[PDB]
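Everything on this sheet refers to the single structure shown next.
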Amino acid sequence: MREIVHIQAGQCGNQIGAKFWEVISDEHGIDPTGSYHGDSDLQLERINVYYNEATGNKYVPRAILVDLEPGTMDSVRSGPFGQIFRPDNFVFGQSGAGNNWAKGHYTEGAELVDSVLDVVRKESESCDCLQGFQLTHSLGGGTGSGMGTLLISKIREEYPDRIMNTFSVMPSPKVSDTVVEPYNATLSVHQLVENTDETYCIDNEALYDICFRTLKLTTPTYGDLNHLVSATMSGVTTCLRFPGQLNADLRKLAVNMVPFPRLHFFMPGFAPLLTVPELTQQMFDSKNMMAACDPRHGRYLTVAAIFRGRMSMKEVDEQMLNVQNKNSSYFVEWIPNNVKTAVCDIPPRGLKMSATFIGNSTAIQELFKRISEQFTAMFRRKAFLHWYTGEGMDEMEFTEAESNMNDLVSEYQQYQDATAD
Amino acid sequence: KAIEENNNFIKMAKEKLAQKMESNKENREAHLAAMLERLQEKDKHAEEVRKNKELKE
Amino acid sequence: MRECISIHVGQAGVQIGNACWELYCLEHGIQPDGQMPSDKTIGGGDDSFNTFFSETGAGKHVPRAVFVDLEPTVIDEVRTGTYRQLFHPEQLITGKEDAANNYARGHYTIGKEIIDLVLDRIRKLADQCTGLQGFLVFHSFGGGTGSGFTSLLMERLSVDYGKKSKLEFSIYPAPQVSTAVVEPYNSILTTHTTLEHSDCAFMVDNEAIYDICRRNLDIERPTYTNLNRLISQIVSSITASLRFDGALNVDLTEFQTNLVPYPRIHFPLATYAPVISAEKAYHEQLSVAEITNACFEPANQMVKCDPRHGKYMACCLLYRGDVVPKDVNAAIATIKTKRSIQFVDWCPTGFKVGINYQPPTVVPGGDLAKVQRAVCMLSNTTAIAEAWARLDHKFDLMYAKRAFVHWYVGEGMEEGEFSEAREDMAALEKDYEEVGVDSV
Ligand SMILES: Nc1nc2c(ncn2[C@@H]2O[C@H](COP(=O)(O)OP(=O)(O)OP(=O)(O)O)[C@@H](O)[C@H]2O)c(=O)[nH]1
Ligand SMILES: Nc1nc2c(ncn2[C@@H]2O[C@H](COP(=O)(O)OP(=O)(O)OP(=O)(O)O)[C@@H](O)[C@H]2O)c(=O)[nH]1
Ligand SMILES: [Ca+2]
Ligand SMILES: [Mg+2]
Ligand SMILES: [Mg+2]
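Residue numbers (the authors' numbering), protein chains in the order written: chain D, 1 to 273, 284 to 431; chain E, 85 to 141; chain C, 1 to 440.
Written out as structure tokens, the structure reads:
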């Protein structure tokens, strides 16, 4: 298990995808043409996880860039690392989706889906040992929300024994005021609970709140929010990208992090947005969470912590023990040794020391309940259904999406209330 | 008796092992069969969605 | 003859194999290329070291060993490392996809694709032997391969080799270096399924070794490289009886006779001394009495338990280096009066002693001091059931909520297997309780 196949769908998916590839190319010492210009051997040791080796020692991302809207094709190709992508992996439609899930999932996106599946199969066939897939998308749009979830269900059929990882971006009224985003998110959640192995909840409300209150910016653009997401996505893939023992592949992470199949929604975190005890307190603090939820309103089923930089590992061990002792009630007693910690030598660009946090907390229900409240505000008066029932859907399917996300919250609550004796 | 018991142990280890490895293949295949059958049920639902758009026009 | 084939399963097995074989080479004067200048009989021989090494006509001395792992990266470093010339390529076996810390993938799913190849390769080593004694299986309890594939292998080795002996060196997990939340499941699973097919199993508690590296060697945060060098010294003390000639040398099988009172009670506690840094060892010669006394200090044990709150069914002292029987006897008499050594009523209390004259060796650029004499105590104590108890409690906490069970069921396992495995450990804990009760 080495090669992961990246997929980016929609505006959000492609732009966070673009930033992801910019950062990891810089860390691995790859320039916009795709040549190796670095110094350390650790940059190349697990390069094959995300990069294909073409002729003339070219390193090409294993990325599949997808959208129903053209124009997003131009922005990615004109961007800083536009040249490095494989031209045949661009699979772009005609009329767009216009923030409609039923267009992405059932009708207009369903027509473009087989031409994407060709690119996936071509990339997957060449993999020495394919481990799985990582999608990047929003759940508030139309393409990434609906076609991205169709792609998930379709890739599952042809690769049921590979890992399906996602970086699903949750919508927020503070960042985007499109009124039907709560409908799109809830429909996507209904698919994600059933068909993904692990979903990172990158929440725009938390990204807004961080940019305003911590980073001091009075009104943040999509560029400011992405600076945090690219730092997070770089962090959570550090175990996959460099030499290490812990969470080194997508199944080993999944096995350690996911104690129940449906409960695979992680609360990401990053620090700083410095000393080892400060890092350790910052990453466990609610203010550094990329999902807008308070850990102290529930319990951690499992946690993965990734430290990056030259630092005393003795100090890291003492500190991670310190917070588990001090915050003991916020970790379920019935899963022993559920907090794991890796340390990578190579720090990211800019910072000398950083810390990345993946937590499977029962407090993640606060994010689903928030979407559930914005959903039921519209659905109980049958508002805006003509966008969806026109494209072919039934009310029954809307009700099942609400019930499935209510069950998910009920199950997170069950295990939060669970006790050992 | 030493031979009889040494053979019995080899016999029953071999039979215990073959029963588990066949039982495991049944269980794994049935788990994967149910996963695909649920995924194929979504294709039949998506076909009714696309028909109820054209049969409403 | 009396050959011994070492099988190293999974990362922890493989890397402990590197340590052990590197150490055996330095002990016998074998070079990295395989040559042994002091060995005059070319192509073969009946010497003591030939229990662990075959000989090619070109004079190469080749470990009687197989390295198995379900992924390439750890075994690749043996293929390209310092001792690459020591092993034939067919001794080093790798698959592509690992068991992902899942007993199911190791025993069933991924494991079944490589098991026939592994047995075939063990058979090429077995047919090289004129009088095969048995196997030494090196594996972790916690890993998917170390648990799942090991169990599978042991079941198959009982089929193909009958009652021919099978010893284990089993790495028991610890939170300081453990990489997986599901290690208790894997540990109980493999312990259950291996139990009928193992004759003797030396458990090594990673925490016990970790604490020793912190306390005795002053390593702030011990690595696997640190732990494995210590483990290989203990492993070498246990296998030195097989690998060396000696007047007062006692075979390992003769210790086993005393160590295993019933087939299921086959888990001896290992304790080793002296573990000391070069700085502290300078102008500090440790006598026979000092190192013997260190065996009854529980800080020196390979497994965290308290023998003093349990009962003894056997005590064996494996000495190497500058040791003579007089000194050993003096030291034992001193201990008998001054320490908490209570035997069960149904055993005899006499300590069993072996001495190998070849002194202990150190790997260059290591942490251990080179000492003139050393000792490994192998004892059969009811206290080692504490290691089962701790591990069984971790199992129950998770299994009560079925945490992570879906990963095992997805790969073909039933809930029946989990509870069957847990009841065997419940029985095993009951068995260690029973043996300590007095007779009537
Ligand atoms: N964090 C972040 N969120 C974004 C970005 N671009 C869009 N979004 C969010 O994505 C949601 C809308 O989805 P889009 O990705 O624009 O829609 P799409 O998937 O392209 O679908 P169509 O627009 O219907 O083609 C809104 O909630 C936005 O706040 C970005 O660069 N970063
Ligand atoms: N003492 C010691 N323990 C190790 C070493 N490598 C791994 N471990 C321990 O072994 C357990 C993990 O199992 P591994 O042996 O790494 O995994 P594996 O058997 O290769 O199985 P998979 O990787 O899941 O296929 C944990 O308890 C680790 O602490 C080592 O070199 N020495
Ligand atoms: Ca010879
Ligand atoms: Mg768009
Ligand atoms: Mg491994």
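Heads up, the beta-carbon is just placed ideally off N, CA and C, and yes, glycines get one too.
Determine the chain D residues that contact residue i at a beta-carbon separation under 7 Å, and present them in chain order.
i: E/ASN136; result: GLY402
i: E/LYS109; result: Result: empty, since nearest Cβ-Cβ is about 14 Å, beyond 7 Å.
i: E/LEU120; result: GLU157, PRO160
i: C/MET398; result: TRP344, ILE345
i: C/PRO175; result: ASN347
Is the Cβ-Cβ distance between residue i and residue j less than 8 Å?
i: D/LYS350; j: D/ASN298; result: no
i: D/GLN131; j: D/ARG251; result: yes
i: C/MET398; j: D/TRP344; result: yes
i: D/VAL333; j: D/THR366; result: no
i: D/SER138; j: D/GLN191; result: no
i: D/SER382; j: D/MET415; result: yes
i: C/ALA270; j: C/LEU428; result: no
i: residue 443 of chain C; j: C/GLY95; result: In the structure as shown, chain C starts at 1 and stops at 440, and residue 443 of chain C therefore has no counterpart that could be examined.
i: C/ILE5; j: C/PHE135; result: yes
i: C/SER277; j: C/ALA333; result: no
i: D/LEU42; j: D/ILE356; result: yes
i: C/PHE141; j: C/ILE171; result: yes
i: D/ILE374; j: D/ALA314; result: no
i: D/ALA254; j: D/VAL342; result: no
i: D/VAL91; j: D/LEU112; result: yes
i: C/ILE188; j: C/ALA385; result: no
Kindly indicate the opening and closing residues of the beta strand (DSSP E) around residue i.
i: D/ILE64; result: 63 to 67
i: C/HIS283; result: No beta strand (DSSP E) contains C/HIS283, which DSSP labels as neither H nor E.
i: C/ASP69; result: 65 to 69
i: D/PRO268; result: 265 to 271
i: D/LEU135; result: 130 to 138
i: D/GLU3; result: 3 to 9
In chain E, which residues lie less than 8 Å from residue i when you measure between Cβ atoms?
i: D/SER153; result: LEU123, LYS126
i: C/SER158; result: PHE93, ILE94, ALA97
i: D/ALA9; result: Under the 8 Å cutoff, chain E gives no residues; its nearest Cβ is about 18 Å from D/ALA9.
i: C/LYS163; result: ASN90, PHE93
i: C/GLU423; result: Within 8 Å Cβ-Cβ: nothing; C/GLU423 doesn't reach chain E, min ~17 Å.
The alpha helix (DSSP H) spanning residue i covers which residue range?
i: C/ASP39; result: Taken as a continuous stretch (DSSP letters only), C/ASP39 belongs to no alpha helix (DSSP H), as it is neither H nor E.
i: D/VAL236; result: 222 to 236
i: C/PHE255; result: 252 to 259
i: D/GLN329; result: 323 to 336
i: C/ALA247; result: Here C/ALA247 belongs to no alpha helix (DSSP H), and DSSP marks it neither H nor E.
i: C/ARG214; result: 206 to 215
i: E/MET105; result: 86 to 138
i: D/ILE356; result: D/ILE356 -> no alpha helix (DSSP H), and no H or E assigned at all.
i: C/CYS315; result: Per DSSP, C/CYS315 belongs to no alpha helix (DSSP H); it is in the beta strand (DSSP E), 312 to 321.
i: D/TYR425; result: 405 to 427
Name, please, each residue of chain E whose Cβ falls closer than 7 Å to the Cβ of residue i.
i: C/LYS112; result: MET105
Since residue i meets chain D, which of its residues come closer than 8 Å, beta carbon to beta carbon?
i: C/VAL182; result: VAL255, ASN256
i: C/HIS192; result: Those within 8 Å of C/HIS192 in chain D number zero; the least Cβ separation is about 20 Å.
Along chain E, which residues have their Cβ under 9 Å away from the Cβ of residue i?
i: C/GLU168; result: Per Cβ cutoff of 9 Å: no residues; C/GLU168 is ~17 Å from chain E at best.
i: residue 527 of chain C; result: Within the shown structure, residues of chain C are numbered from 1 to 440, placing residue 527 of chain C beyond reach of any answer.
For a contact meaning CB atoms closer than 7 Å, what does residue i contact in chain C?
i: E/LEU101; result: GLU155
message: So, does the segment 190 to 206 of chain C touch the segment 293 to 306 of chain C, judging by three or more C-beta pairs under 8 Å?
response: Using a C-beta cut-off of 8 Å, the segment 190 to 206 of chain C makes contact with the segment 293 to 306 of chain C, since at least three inter-stretch Cβ pairs fall below that distance.
- prompt: Counting Cβ pairs, one atom from each stretch, are 3 or more of them under 8 Å apart for the segment 115 to 128 of chain C and the segment 85 to 102 of chain C?
  reply: The answer is yes - the segment 85 to 102 of chain C touches the segment 115 to 128 of chain C, with three or more Cβ pairs under 8 Å.
task: Any chance you could list the residues with Cβ under 5 Å from a heavy atom of ligand 4, keeping chain order?
output: D/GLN11, D/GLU69
query: Near ligand 3, which residues have their beta-carbon less than 5 Å from any of its heavy atoms, given in chain order?
result: C/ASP39, C/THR41, C/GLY45
task: Count the CB pairs spanning the segment 260 to 268 of chain D and the segment 42 to 55 of chain D that are closer than 8 Å, and state whether there are at least three.
output: The segment 260 to 268 of chain D makes no contact with the segment 42 to 55 of chain D, as fewer than three CB pairs between them are under 8 Å.
task: Assess, as a yes-or-no matter, whether the segment 91 to 102 of chain E is touched by the segment 96 to 103 of chain C under the definition of 3 or more beta carbon pairs within less than 8 Å.
output: The segment 96 to 103 of chain C, when compared against the segment 91 to 102 of chain E, does not touch it at the 8 Å Cβ threshold.
Three or more C-beta pairs below 8 Å linking the segment 239 to 249 of chain C and the segment 43 to 63 of chain C: yes
query: Per the contact definition of three or more C-beta pairs closer than 8 Å, is the segment 314 to 324 of chain C in contact with the segment 350 to 362 of chain C?
result: They touch, by the three-pair rule.
The segment 174 to 181 of chain D in contact with the segment 24 to 43 of chain D per 3-pair CB rule at 8 Å: no
query: Does the pairing of the segment 114 to 133 of chain D with the segment 419 to 428 of chain D give three or more beta-carbon distances under 8 Å?
result: They do not touch, by the three-pair rule.
query: Between the segment 209 to 220 of chain D and the segment 385 to 394 of chain D, are three or more C-beta pairs nearer than 8 Å?
result: These segments do not touch.
query: Are the segment 300 to 319 of chain D and the segment 113 to 123 of chain E touching, with three or more C-beta to C-beta distances below 8 Å?
result: The segment 300 to 319 of chain D vs the segment 113 to 123 of chain E: no contact.
message: With a threshold of 8 Å, are at least 3 pairs of Cβ atoms found where one atom belongs to the segment 71 to 89 of chain D and the other to the segment 20 to 34 of chain D?
response: yes
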